[PDB]
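Structure first, commentary second.
In full-length UniProt numbering, the protein residues as written are 270 to 818.
Shown next as structure tokens:
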């Protein structure tokens, strides 16, 4: 790109406070040649094939700390090329030739070369590398664009972090789908040379139409309809570890999947274009329970057989795309012997991916949706309430509003079962405890926004007051001790919620026919506080101190 050379400026945002304090950070550049598979002159070779070349690594931990910050400095990151050492030393081996070996100088995945360069602080650059001026500019994207407009303008490229910031701003709308092709074992079959396998990611909808420009090779580059992985020269188990960006509409990614097409590149172009994808896997970007794909690793299953069947969304999507799905279908087919015949196309070939979903609306939890589906998941609400506390707060704060509303609706419709009231009480206590943390403190304003605007309860305050009054009355219980103590820690917004429900009652019923009763409830609640506190202190020194707090 002739218009980029003077504008090749990369800026890595989201580098949180913990990002700087990381003891070891490296600026790693992946160098992959695109073009002919073999550097041979005499025959046409398949162009556009990606082959590993080398990796340049510099320990920039001190730079990210800001120990050195100067625009004029041009840090020369040395470039280490892969060890294709089969031409120099071979000319001197006499008087004892006993060797039967092959040439492996390009087949090594870039992960091994990267590990070697990391281990070897000295890089055998031999005059090959790249110059970059490295600096840390404090602040987020915007204030770097403003306080450092000269260095970083709107034409400067932008990259985001593999993770989440310490402060998730209310409204950090993102759909960062980082799909990393970790590894895949593909059978050679009848081909004596190991199949040159490439993961040509193909994002299709449930109808099979390929989504254009939905896959992004990396930062500073626009999306592509299909991303082609690194071609590995006759490798049985090509390891890619290629972190590529997928940006689907967060509403469309619920109706979007990624199909993973694996094709064989022979050394010849005619054989390349005459050979179809012998195997095709796919990942369903959302769980069968209505939640998006879980953050972690997914072991895809490579398929074999009819090409049209393999590429028809109506068929392969129905097939289990992952080994976990295969096991789940196999186990569910054991109990019901009703038209369940395993296919012989389930070969040993499989694929592995890693999906780091940095999203604000995408949900990853069964219990979360079950509670959100409580009106139809009434059979699990007892279990959903018990098992939502284990759910991390990161996904919870996405739809904390709807979680609250679902809990309050549970209270309204079936307040008869007080056990569910206790479970909702404890879950809400945990909710406020986790939101009050530094990580989610900025969503407390959003929580208050829900309370003052979207809160829709007229008598839940009664039940919450009853439960907390039982909490204070049963204070001496040790099992309650942590629970009541956490409620005490989460009291402020608790009573804000109760007061909002009470005033909602007031304005929908005009005058409180139970204003005396509500003020009473407050009376015996304070009296329960008093009978808590007049108890001998040796049981609850901490609880009394926190109460005063």
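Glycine residues also receive a C-beta, built at the ideal position from the N, C-alpha and C atoms.
{"Asked": "Minimum length 4: unbroken alpha helix (DSSP H) runs contained in the region 466-546", "Found": "538-543"}
{"Asked": "Rounded straight-line distance, which links the Cα of residue 434 to that of residue 284", "Found": "7 Å"}
{"Asked": "8 Å contact criterion, which residue 724 and residue 773 should meet: CB distance rounded", "Found": "7 Å"}
{"Asked": "Beta carbon of residue 579 nearer than 7 Å to that of residue 549", "Found": "yes"}
{"Asked": "Closest by C-alpha distance to residue 330, when choosing among 292, 359, 362, 563", "Found": "292"}
{"Asked": "Which residues DSSP lists as bridging residue 853, in chain order", "Found": "Any answer about residue 853 is impossible in this case: the structure gives the chain only from 270 up to 818."}
{"Asked": "Three-pair Cβ contact test at 8 Å for the region 730-747 versus the region 469-477", "Found": "no"}
{"Asked": "Three-way DSSP call (helix, strand, coil) for residue 581 in this model", "Found": "coil"}
{"Asked": "Beta-carbon proximity of residue 300 to residue 322, cut-off 7 Å", "Found": "yes"}
{"Asked": "For residue 611, the three-state DSSP class (helix, strand or coil)", "Found": "coil"}
{"Asked": "Cβ pair count under 8 Å reaching 3, the region 632-643 against the region 549-562", "Found": "yes"}
{"Asked": "Residue 576 and residue 534 closer than 7 Å at C-beta", "Found": "no"}
{"Asked": "Status (buried if at least 16 other CB within 10 Å, exposed otherwise) for residue 599", "Found": "exposed"}
{"Asked": "Residue range of the alpha helix (DSSP H) that includes residue 672", "Found": "669-682"}
{"Asked": "Per-residue DSSP class, three states only, for residue 711", "Found": "helix"}
{"Asked": "Beta-carbon proximity check, residue 766 vs residue 720, cutoff 7 Å", "Found": "yes"}
{"Asked": "Proximity test, Cβ basis, 7 Å: residue 318 and chain D", "Found": "Among the chains in the structure shown there is no chain D, since it carries only a single protein chain."}
{"Asked": "Cβ-Cβ separation, residue 420 to residue 406 (assumed contact under 8 Å), whole Å", "Found": "7 Å"}
{"Asked": "Rounded C-alpha distance that separates residue 365 from residue 490", "Found": "54 Å"}
{"Asked": "Close Cβ partners of residue 306 (< 8 Å) along its chain, the five nearest in sequence each way excluded", "Found": "314, 315, 318, 320, 465, 500, 502, 534, 536"}
{"Asked": "Any non-hydrogen atom of the ligand HEM within 6 Å of residue 544 CB", "Found": "Ligands are entirely absent from the displayed structure, and the ligand HEM is therefore not among its contents."}
{"Asked": "Straight-line Cα distance separating residue 453 from residue 504", "Found": "10 Å"}
{"Asked": "Residue range of the beta strand (DSSP E) that includes residue 329", "Found": "Looking at the DSSP string, residue 329 is not in any beta strand (DSSP E), and its letter there is neither H nor E."}
{"Asked": "Residues that residue 321 bridges to, as DSSP identifies them", "Found": "301"}
{"Asked": "Cα-Cα separation, residue 439 to residue 711", "Found": "7 Å"}
{"Asked": "Inter-residue spacing [alpha-carbon to alpha-carbon] between residue 450 and residue 613", "Found": "26 Å"}
{"Asked": "The beta strand (DSSP E) enclosing residue 566, as first and last residue numbers", "Found": "565-570"}
{"Asked": "Classification of residue 445 by the beta-carbon crowding that lies within 10 angstroms, buried from 16 upward", "Found": "buried"}
{"Asked": "Length of the line joining the Cα atoms of residue 606 and residue 597", "Found": "15 Å"}
{"Asked": "Residues near residue 341 in its chain [Cβ-Cβ closer than 8 Å; skip 5 each side]", "Found": "402"}
{"Asked": "DSSP state of residue 658 mapped onto helix, strand, coil", "Found": "coil"}
{"Asked": "Unbroken alpha helix (DSSP H) run spanning residue 462, endpoints", "Found": "Taken as a continuous stretch (DSSP letters only), residue 462 belongs to no alpha helix (DSSP H), as it is neither H nor E."}
{"Asked": "Contacts around residue 486, its chain only, beta-carbon distance under 7 Å, and the 5 residues preceding and following it disregarded", "Found": "493, 496, 513"}
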